[PDB]
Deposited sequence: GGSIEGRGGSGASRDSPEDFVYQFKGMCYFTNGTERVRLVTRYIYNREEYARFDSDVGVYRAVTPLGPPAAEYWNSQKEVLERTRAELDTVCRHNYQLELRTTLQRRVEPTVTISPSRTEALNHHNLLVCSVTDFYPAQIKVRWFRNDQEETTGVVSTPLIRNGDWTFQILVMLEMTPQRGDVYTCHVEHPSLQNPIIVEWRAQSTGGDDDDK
């Protein structure tokens, strides 16, 4: 096996309740261990491994470095959220819903955002096996729900923010 030395720097933003709560966490990682970090709630660089003190102490002693990182809540986090509000947060992709026998599985594919509610109803039934929410990686999600199960018609109800009214798909 070849020798490898990996370095990672992750500048992460955490948003809660629109623009009300904003928090940033910068992570400096050697191989897989995060030796030093900066949490906006703490306000100063903190060593999180005995490999971190020479880095954390040096960055905190430099006022220009400390102030730039503190300001990164505005120059990065708050700045980019406004760019997300006009793009990503307005992305609404209607799901494709098709019922196929396998047991009748309700295939809910290619939707964004993650917020989805799928229920089988005839009245609503209890005793359904639903797979976890699958990330396709192409900015779309998929979820499959199976039920135990003459003349009666089975309806799959799907709720998503992209639709004003739910998509009703029957199986006679």
Next on the checklist: Could you spell out the stretches of the deposited sequence that were left without C-alpha coordinates, going in sequence order?
Outcome noted: 1-15, 118-126, 146-148, 177-179, 203-213
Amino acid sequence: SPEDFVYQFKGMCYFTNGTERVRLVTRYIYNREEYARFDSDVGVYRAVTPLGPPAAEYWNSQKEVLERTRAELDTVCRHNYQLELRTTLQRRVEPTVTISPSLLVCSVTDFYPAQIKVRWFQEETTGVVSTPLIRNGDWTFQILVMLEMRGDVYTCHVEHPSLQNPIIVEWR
From here on, numbers count along this sequence of modelled residues.
Item to check | Other PDB entries, at least a third, lacking residue 102 | outcome: yes
Checklist entry - So which stretch wins on mean C-alpha B-factor, 2-10 or 163-171? => result 163-171
Checklist entry - Looking at the deposited entry, does 77-85 or 91-99 carry the larger mean Cα B-factor? => result 91-99
Checklist entry - If you compare 128, 65, 134, 114, which has the highest Cα B-factor in the entry? => result 128
Item to check | Residue of maximum C-alpha B factor among 147, 143, 44, 55, per deposited coordinates | outcome: 147
Checklist entry - What third of the chain, by the recorded C-alpha B-factor, contains residue 69? => result lowest
Next on the checklist: By the recorded C-alpha temperature factor, relative to the other modelled residues in its chain, which third is residue 32 in?
Outcome noted: middle
Checklist entry - Going by the entry, which third of its chain does the Cα temperature factor of residue 123 land in? => result highest
Item to check | Ranked against its chain, the third holding the CA B-factor of residue 61 | outcome: middle
Checklist outcome for this item: Of the three thirds of the chain ranked by Cα temperature factor, residue 109 occupies the middle
